[PDB]
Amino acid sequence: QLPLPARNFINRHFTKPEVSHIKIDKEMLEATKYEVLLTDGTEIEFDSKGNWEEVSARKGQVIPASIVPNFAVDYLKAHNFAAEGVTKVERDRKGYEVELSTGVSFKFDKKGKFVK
């Protein structure tokens, strides 16, 4: 069973979300991971608690707007990159990464500041 917080995330951000597949990866001395493919082609990776780590849209599509963290929305808008949409967002302890329809991507550190 997909953890509650992950089903809530899917149901909060996606329009008429339907699950096409769920892959559970269990490793001996590591934490369980979940990969979910929705019928609209969105792929999401969740940690064992059901916190999203990555959201990526199918080619030609963009992810929903409510997912990208505010500081990154602000940066993208300030640089006229918001309008074209985000195809992928990732986060971890090191920070955040956003990728755009054109192929441009930006990394931000844990504090929401640009990093190389």
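For every residue, the number given is its place in the sequence shown, counted from 1.
- 47 to 55 and 27 to 35 differ in mean CA B-factor, and the higher of the two is recorded for 27 to 35.
- Between 60 to 68 and 75 to 83, the higher mean Cα B-factor belongs to 60 to 68.
- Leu2: CA B factor lies in the highest third for its chain, per the PDB record.
- In the PDB entry, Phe106 places in the middle third of its chain by CA B-factor.
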